[PDB]
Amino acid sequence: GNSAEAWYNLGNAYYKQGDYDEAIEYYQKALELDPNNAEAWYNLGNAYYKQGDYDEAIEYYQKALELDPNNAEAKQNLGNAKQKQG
C-alpha cells in the first residue's frame, strides 16, 4: 500500500547509507502495514545480517521465502547465515 511502500523505500535508503539500525526500524514499520511484502522481509533479514544478528536474519529470510520461494538472494543469504550461526 501507499504508506507501506514508502516506509519500505525509506528502509532501503537507510540500508544504502549503511545505517542498519534505522533501516530495521523503517522496514519494521513497512511490515506492520504490509506483511505480504516479501522483499521487505528479505531486506530486513539483510539488515540484521549486516549487524551480525544471524538468528534474526534467518527468521526473516525464512519469512521472505515462505511468501516468495524463488527469491534466490534470500535463499543464498539464508544458507550463509545458517553456516555462520551453527
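Numbering starts at 1 and runs along the sequence shown.
Looking at the C-alpha B-factors along this chain, the one for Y42 belongs to the highest third.
In this PDB entry, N77 carries a Cα temperature factor that places it within the lowest third of its chain's modelled residues. In the PDB entry, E32 places in the highest third of its chain by CA B-factor. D55: CA B factor in the middle third of modelled residues in this chain (values from the PDB entry). Ranked against the other modelled residues of its chain, the C-alpha B-factor of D21 as given in the entry falls in the highest third.
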